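Coordinates in review
Listed below are the residues making up each chain.
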Amino acid sequence: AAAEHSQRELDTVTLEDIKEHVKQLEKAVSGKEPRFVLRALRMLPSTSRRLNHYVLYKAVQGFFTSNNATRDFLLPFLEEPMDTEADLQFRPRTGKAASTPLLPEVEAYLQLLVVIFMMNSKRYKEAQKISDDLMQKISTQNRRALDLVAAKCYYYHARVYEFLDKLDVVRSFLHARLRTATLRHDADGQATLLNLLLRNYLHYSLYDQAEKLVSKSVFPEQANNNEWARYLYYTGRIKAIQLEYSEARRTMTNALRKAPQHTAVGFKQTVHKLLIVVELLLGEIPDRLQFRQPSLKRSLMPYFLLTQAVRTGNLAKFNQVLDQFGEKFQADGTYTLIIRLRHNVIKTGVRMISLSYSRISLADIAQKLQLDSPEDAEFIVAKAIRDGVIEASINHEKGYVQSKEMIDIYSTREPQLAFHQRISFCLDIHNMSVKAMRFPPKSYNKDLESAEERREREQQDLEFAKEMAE
Amino acid sequence: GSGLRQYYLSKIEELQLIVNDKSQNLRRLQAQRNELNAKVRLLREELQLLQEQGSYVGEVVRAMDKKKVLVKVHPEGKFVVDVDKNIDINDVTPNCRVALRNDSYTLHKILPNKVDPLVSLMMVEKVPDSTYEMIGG
Amino acid sequence: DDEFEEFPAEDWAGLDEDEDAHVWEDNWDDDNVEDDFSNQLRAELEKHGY
Amino acid sequence: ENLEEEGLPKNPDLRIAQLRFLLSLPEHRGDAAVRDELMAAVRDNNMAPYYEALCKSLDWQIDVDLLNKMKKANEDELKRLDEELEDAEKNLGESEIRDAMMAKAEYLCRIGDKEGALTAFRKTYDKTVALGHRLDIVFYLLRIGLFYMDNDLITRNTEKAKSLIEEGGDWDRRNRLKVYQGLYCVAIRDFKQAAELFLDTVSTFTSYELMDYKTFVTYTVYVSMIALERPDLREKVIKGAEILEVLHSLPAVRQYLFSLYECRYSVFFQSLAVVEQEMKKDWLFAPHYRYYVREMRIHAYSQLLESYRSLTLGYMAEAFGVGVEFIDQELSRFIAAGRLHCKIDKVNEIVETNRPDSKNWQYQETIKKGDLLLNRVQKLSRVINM
Amino acid sequence: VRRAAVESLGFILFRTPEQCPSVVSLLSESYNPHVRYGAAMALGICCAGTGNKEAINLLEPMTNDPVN
Amino acid sequence: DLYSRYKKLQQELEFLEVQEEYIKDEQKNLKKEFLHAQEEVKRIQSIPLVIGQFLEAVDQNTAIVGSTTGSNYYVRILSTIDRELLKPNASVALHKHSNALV
């Protein structure tokens, strides 16, 4: 019974952990500070795996101490232990505490713990029933610190339907809850629902729907970093499809910054994959360092070969990646943006041709870009000249392209513009850092002269005048 | 069976968020004001403080009873001085540096200890430091 | 912390044997796929009949 | 005749790391000659922890009889050193206790127990009174760092070694550290610093535990051609008496060095290909063999075009003993990369040189290197807030 | 004028005596002794007869002020 | 009592705005007086000043100085003195009365 002894030893400490978190939730209302709820949800992923059938049963039938319809709801959905030798009655509530109903804060929290276990137990149909039941409890309530708990409940309530593969019935509930959260100025709740809605729309390729939502809804500025990161990614993916690459790159780069530093590897891979394409779509260059990371090396390898093909500006090399990694891009949700890279491959290849050749024949351009015929390269280079891609001219009669003499870039306003976007950002950090400095509320004006010691000079200086002068 | 009870609660909770935000912001600013106010207040009091006579520097010969200490003021020979109520007599060790008040010569601070006489003696002798690695044969 | 379990974490399957473990000013030109310069020169010395 | 005896102890043997690196290459994995030499070093020094790592990474068959025989020697020798340490700590003096751990740290380093050696050396360093003995322990850790390419170990110990040389003005140890620093600079593609450090110790080289003098001069020439300007190369390398004496016994290296200086571009390209294969098989230059040869080709192309307003593609091809198309592809690739200040007129096959000011090149790096700084500042503020 | 400006706060807030020991508490520690004096008088005028403990807690250190 | 709570909260918000505006006004004027306090403390440096020798810094605001009169004093240091210039064996001007490092 070595496994039983170790498991029961791990079961009781987790029960104590749940007791501590609920105490914080109860004390959050007592102190009227909703931020105390966060430290209970801070350890929520830690407690998510640290519970089993026995752990749930002890908590749910011991925390409530009142056999209401709630206890008629969640006990039947979990297994019960036998007559164990160590019958430690886990009853945190005694006397008036046991008789009094549980706060709406904690009954949602314990119910969420049951919902999470149903997720880990693959009882998605059963999880939906409890999650649906939990959805009525927090909808009727209008508490303020419950908004912090409710946001986590909404996140998992979309998760049960994610495994149920419906994702459509929850859209009505998310929109209705979002308006409820927005009208109540639910900063944390509004941020989570907006992210969940964007995931809902992006799952069914409703990119038009999500663009409209982000165009009107205002994301909470005082939102969590983990919730901001999803919004930046979802908006960045939205901008990428709408050919708004410049604003997409800013958000995706921002999403990586606000991502967790040690966990959420899968999120990092997804954002890295999309940022590489957007960076290639914008004509810029992906950072070589991101392909070196141990976690990203295997995932970004198809995109690493894609970036190499785009770099050379060769159509044949770009197409070879397509016929080889086409299915991986499709299964990755980025196949559409890779197709648009064919125009970019032409763009970069023309750019080096103009940057390396003062006068190049059109047939040579077609060979270097692996186009079909020089006449097709004629229009391709012509559009590059009108678009500002390359400063050059075409001699149709002679059949070559003459690149313009490169102008001294330091004698232009371009260095000032590049510095301005760099100078103003440096000044922004200083202002942000200074505003982030906190002075603790120490007892000011106490480092001054003490009342007793300041009196010491007056008595002594009185004798100084009363004796030296006489 | 409520009237504008929901309307009132919406109004009250609306003001609470602004009040809590402004109250937190005000406490930030009050500490900023207090820190600057303390700097100004300490600066004006410093001018009066700097006019207070400086303390003598003496060397403790030995401690005596009733919190008496025999010291040697640098140019002015030996004295028997009191000990300030904030200074423990047990920390007054022989050959220690102490600060004495201007008029009462009261021992009011134990200054950092001077150079040890042996260290001072070995500084002028200046025997070159050596290890076994720099000895050959 | 609220880790991103929502996004499918693709399996690592990476090489934990210090694949690169280097700190340089690395650039993309080293990653261009091409044969060694010795092969390139050797493939051209006989192209002129030498 | 006593050159090799002057060097520091050969622990860890950097030849073993080079032998291990050759087996990592697919080309030389099955070379029995390299395998026999590595196994001879392993068997002689009873490197049991290295045997496990060698067979684990390279997927070899562990000789149970050989491993057990070597492991018994390691246990017996560790027991002997422990008894000596126990004997010294109770009766003998502190210097004898220090020597007991130094033997234990040395043996763990010899048998490849990197983790044990680092702990043992740190214990020995803590109660080692002599400054030079402390610095030798640092040089031991630097050699251990180079053996496994532990950048944290090398950088940390290099700073410690520099501080120790400052306190005690040991110019002999200062010259050795430059060789150690230059070897790391080679490993991290810092040829500009490698050339400077190597050239300062080309006449004071006694670090035979790392390399032979001919190999040191060979690397010194190599890093000089990529990191030194033409006037600096002539004064230090071409007219260097110490290098010229060694180059008498290395005709290939002298041919490689003088071909570029004497503008024998066809000769230089042939020598560059030879240097490539040598650099590919070198554990220090292997990560940078593509970079160095690409940079060397850029140097040769720029040097030929530096003194001429315009050169035909055929003349460039004839000078380098290559075809016109090869020069076309190479020049176009390097001009697009911004490394060659010229433009190609393919219609007439003329390469016209440019003179861009240093202000443009200084501006781009400030944009480039400044941007790298901003991300660290941007990311550091991110860590600060949460 | 500064001393009278703080003093006039007592006449405006005597109907809400608890409000004075919050607005004038920081002025009770100001560098200017005249503002500090008015800070004392503002509490006295506004909290007259009420025995406000918060106001009295402000005046207690002020009775040891360096300025007479 | 709902309306009383709503109006009491309303006056609290308006009072907080008044407090935050005066605290911003005072910080503006407290900076002026800091400069005046810095300017007016320089009268401690008025000549004549006895010349001492800086010996040891006990803490930030106090130090041991050797006056040319032949006596060692434990005195205070003016806060507007560049502590980077307080090198060992540095000649320092002391207040003729209080021997303070000015």
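Deposited coordinates in this entry are attributed by the record to cryo-EM, at a stated resolution of 2.9 Å.

Secondary structure assignment for chain B yields two helices and five strands. In terms of C-alpha radius of gyration, chain B reaches 31 Å, well past the compact-globule figure of 14 Å for 137 residues. By principal-axis analysis of the C-alpha atoms, chain B measures approximately 100 × 60 × 30 Å. In chain B, of all internal contacts separated by at least 6 residues, the share reaching a separation of at least 24 is 39%. Carbon together with sulfur atoms contributes 51% to the accessible area of chain B, which is approximately 8600 Å² in total. Side-chain charges of chain B comprise 21 positive and 19 negative groups, with the mean position of each set lying 7 Å from the other.

Residue and element names in this part refer to chain A. With 17 residues, helix α17 (residues 315-331) should cover 24 Å at 1.5 Å per step; its first-to-last C-alpha distance of 23 Å lies within 8% of that length. The largest bend in α17 is about 65°, located at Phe325. All of the buried residues in α17 are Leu315, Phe318, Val321, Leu322, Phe325, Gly326 and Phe329. Where α17 starts, the residue carrying a side-chain oxygen 3.3 Å from the main-chain nitrogen of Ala316 turns out to be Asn314.

A surface patch of like charges, here negative, comprises A:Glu452, A:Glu453, A:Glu456, A:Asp461, B:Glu52 and B:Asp103. Inspection of the secondary structure assignment puts A:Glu456 in helix α23 (residues 451-468).

Between chain F and chain B, the residue contacts involve 43 residues of the former and 42 residues of the latter. Of the roughly 4200 Å² buried between chain F and chain B, counting both surfaces, carbon and sulfur atoms make up 71%. Counting the contacts that link chain F with chain B gives five salt bridges. With a closest N to O distance of 2.6 Å, F:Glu26 and B:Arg33 form a salt bridge. For the pair chain F and chain B, the number of links is 13 residue pairs in polar contact. For the side of chain F that touches chain B, the secondary structure elements donating two or more residues are α1 (2-40) and β3 (72-76) of chain F. Of all the elements, α1(F) adds the most residues to the side of chain F that touches chain B, at 23 residues. A class-by-class count of the residues in the side of chain F that touches chain B yields 20 nonpolar, ten polar and 13 charged. Where strand β1 (residues 55-63) of chain B meets β3(F), two bridges bridge the pair, whose relative direction is antiparallel. Across the sheet, residue B:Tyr56 finds its bridge partner in β3(F), namely F:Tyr73.

Turning next to the packing of aromatic side chains. In this structure the tally under the stated criterion is 48 aromatic pairs over all chains. Look at A:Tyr233 and A:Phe267: their rings are 6.2 Å apart centre to centre, the planes differ by 75°, and that puts the pair in the edge-to-face class. One end of the pair, A:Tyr233, is in helix α13 (residues 225-241); the other, A:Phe267, is in helix α15 (residues 265-281), with 34 residues separating them in the sequence. Residue classification places A:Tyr233 among the buried positions, given a relative accessible area of 7%. Note on D:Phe198 and D:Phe216: the rings are 5.1 Å apart at their centroids and 70° apart in plane angle, and the pair reads as edge-to-face.

Here the focus is the sheet that holds strand β2 (residues 392-395) of chain A. The six strands are arranged β2(A)-β3(A)-β1(A)-β2(D)-β3(D)-β1(D) in an open sheet whose pairing can be described as mixed. Two strands close off the open sheet at either side, each with one partner strand: β2 of chain A together with β1 (310-312) of chain D. Across the sheet, the mean angle from the axis of one strand to that of its neighbour is 20°, orientation sign disregarded. Bridging between strand β2 (residues 342-345) of chain D and strand β3 (residues 350-353) of chain D involves four bridges; their strand directions are antiparallel. Looking at the pairing, D:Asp345 lines up with D:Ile350 of β3(D). In this fold helix α19 (residues 341-356) of chain A packs onto β1 (357-361) and β3 (400-403) of chain A together with β2 of chain D, with an angle of close to 120° to the strand it touches most, β1(A).

Definitions and limits used
Residues numbered from 1 in each chain as written, not as in the entry; some residues may be left out. Chains lettered and ligands numbered in written order. Part of a larger assembly, values for the part shown. Heavy atoms only, no water. Helix = DSSP H or I, 4+ residues; strand = E, 2+ residues; numbered from the N terminus. Rg over C-alpha atoms; globule rule 2.2 N^0.38 Å. Contact = heavy atoms within 4.5 Å. Areas by Shrake-Rupley, 256 points an atom, 1.4 Å probe, with all protein chains shown as cover. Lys, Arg positive; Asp, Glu negative; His and termini not counted. Charge placed at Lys NZ, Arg CZ, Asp CG, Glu CD. Expected span 1.5 Å × (residues − 1). Bend = angle between axes of the 7 residues up to and from the residue. Buried < 20%, exposed > 50% of the residue type's maximum accessible area, 1.4 Å probe, protein only. Polar contact = N/O pair within 3.5 Å; in protein donor to acceptor, adjacent residues only side chain to side chain. Patch = residues over 30% accessible without salt bridge, like charges linked within 9 Å, V, L, I, M, F, W, Y side chains within 5 Å. Salt bridge = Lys/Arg side-chain N within 4 Å of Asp/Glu carboxyl O. Buried area = accessible area lost by both parts, 1.4 Å probe. Nonpolar A, V, L, I, M, F, W, Y, C, P; charged D, E, K, R; others polar. Pairing = 2+ DSSP bridges. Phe/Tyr/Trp six-rings, centres within 6.5 Å; stacked < 30°, edge-to-face > 60°. Axes fitted to C-alpha atoms, helices over the stretch in contact; angles between N-to-C directions.

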